[PDB]
*Asks:* 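Next up is a structure, given as structure tokens.
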Amino acid sequence: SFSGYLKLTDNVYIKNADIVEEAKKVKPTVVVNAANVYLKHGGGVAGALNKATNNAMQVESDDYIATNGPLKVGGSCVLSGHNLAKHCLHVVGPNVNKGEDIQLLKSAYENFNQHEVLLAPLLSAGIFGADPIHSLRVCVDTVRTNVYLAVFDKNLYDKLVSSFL
């Protein structure tokens, strides 16, 4: 199962880890992708997860968008986890760099409550432009299911743990 995580709350755990490497090691039931509404997995966590699937995630995602149209900011869809997990929960956090409402971050995290346990990144962090300390706070105040957070950046991980209220 999950190893090396620091327990933050009853249900939230955190580790300084590459979520692709973590998914390949654990092969969890659900890995969360930091998706955009178009499921265009170009960069950040989405680009890394997609590259690990040899682009199979993108091919599957393009078929999903052709059939269903784009997701909503704050929304999600369940697709295959390919070689990384049983399923991938593609969750769209607001992209502050695209001028999207930060209030949608709580709605984005609510998608995690439909899954008993998940391996996930901090939503709207990184190239999505939100403050990762705020994202962690929304995560622990919104998610009630067991979430194992992988934070790629060591310096950010230390700052998140050291400032956790």
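Just so you know, these numbers use all the heavy atoms, side chains as well, and skip hydrogens, waters and symmetry mates. Residues: numbered from 1 along the sequence shown.
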*Asks:* Tell me whether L119 shares a hydrophobic cluster with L122, the cluster being built from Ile, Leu, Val, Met, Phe, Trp, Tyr side chains joined at under 4.5 Å.
*Replies:* no
*Asks:* Spell out, as yes or no, whether a donor-acceptor pair under 3.5 Å connects the side chain of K15 to the backbone of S3.
*Replies:* yes
*Asks:* If we ignore hydrogens and angles and just use 3.5 Å, is the side chain of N16 paired with the main-chain N or O of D158 as donor and acceptor?
*Replies:* no
*Asks:* Does CG belonging to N54 count more than 12 external heavy atoms closer than 6.0 Å?
*Replies:* no
*Asks:* When hydrophobic residues are tied together by side-chain contacts of less than 4.5 Å, even through go-betweens, does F2 share a cluster with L49?
*Replies:* yes
*Asks:* What closest approach, in Å, do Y64 and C77 show between heavy atoms, and which atom pair accounts for it?
*Replies:* OH-CB, 3.6 Å
*Asks:* Looking at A85 and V31, what are the two nearest heavy atoms and their distance?
*Replies:* CB-CG1, 3.6 Å
*Asks:* Donor-acceptor pair, distance only, cut-off 3.5 Å: does the side chain of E60 make one with the backbone of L79?
*Replies:* no
*Asks:* Rounded to the nearest 0.5 Å, how far apart are CG of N68 and CG of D63?
*Replies:* 8.5 Å
*Asks:* Does a sphere of radius 6.0 Å around NZ in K98 hold more than 12 heavy atoms from other residues, nucleotides or ligands, not counting ones at 6.0 Å or beyond?
*Replies:* yes
*Asks:* Can you name the closest pair of heavy atoms from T145 and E116 and give their distance?
*Replies:* CB-O, 3.6 Å
*Asks:* Looking only at atom types and distance, does a side-chain atom of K7 sit under 3.5 Å from a main-chain N or O of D10, one as donor and one as acceptor?
*Replies:* yes
*Asks:* Side chains of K51 and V20, heavy atoms from C-beta outward: is any pair under 4.5 Å?
*Replies:* no
*Asks:* Can you measure from CG (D62) to NZ (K40) and round to the nearest 0.5 angstrom?
*Replies:* 3.5 Å
*Asks:* Closer than 3.5 angstrom, by distance alone: can the side chain of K159 be matched with the main-chain N or O of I133 as a donor-acceptor pair?
*Replies:* no
*Asks:* Nearest 0.5 Å, please: how far is OH in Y148 from OH in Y5?
*Replies:* 8.5 Å
*Asks:* For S135 and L123, indicate whether the former's side chain and the latter's backbone hold a donor-acceptor pair under 3.5 Å.
*Replies:* yes
*Asks:* Closer than 3.5 angstrom, by distance alone: can the side chain of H41 be matched with the main-chain N or O of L39 as a donor-acceptor pair?
*Replies:* yes
*Asks:* Can you find a heavy atom in the side chain of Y157 that is under 4.5 Å from one in the side chain of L6?
*Replies:* yes
*Asks:* Can you see which heavy atom on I19 is nearest to which on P121, and at what distance?
*Replies:* CD1-N, 3.6 Å
*Asks:* Give a yes or no on whether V91 and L118 share a hydrophobic cluster (residues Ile, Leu, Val, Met, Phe, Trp, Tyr; joining criterion: side-chain heavy atoms under 4.5 Å apart).
*Replies:* yes
*Asks:* Of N33, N111, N36, which is the lone residue that meets side-chain hydrogen bond (donor to acceptor under 3.5 Å, both in side chains) with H90?
*Replies:* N33
*Asks:* Indicate the atoms forming the closest heavy-atom contact of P28 with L84, along with that distance.
*Replies:* CD-O, 3.4 Å
*Asks:* Are the side chain of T142 and the backbone of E110 linked by a donor-acceptor contact shorter than 3.5 Å?
*Replies:* no
*Asks:* Examine distances only and state if a side-chain atom of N95 and a backbone atom of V73 form a donor-acceptor pair shorter than 3.5 Å.
*Replies:* no
*Asks:* Treat each ILVMFWY residue as a node, draw an edge where side-chain heavy atoms are under 4.5 Å apart, and state whether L136 and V45 are in one component.
*Replies:* no
*Asks:* Could you pull out the closest heavy-atom pair between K24 and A52, with the gap in Å?
*Replies:* CE-CB, 4.3 Å
*Asks:* Out of curiosity, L8 CG to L149 CG, how far, rounded to the nearest 0.5 Å?
*Replies:* 7.5 Å
*Asks:* Measure the CD-CZ distance between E21 and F152 for me, rounded to the nearest 0.5 Å.
*Replies:* 10.0 Å
*Asks:* Would you call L160 and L156 a side-chain contact if the rule is heavy atoms closer than 4.5 Å?
*Replies:* yes
*Asks:* Measuring from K25:NZ to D18:CG, what's the distance to the nearest 0.5 Å?
*Replies:* 10.5 Å
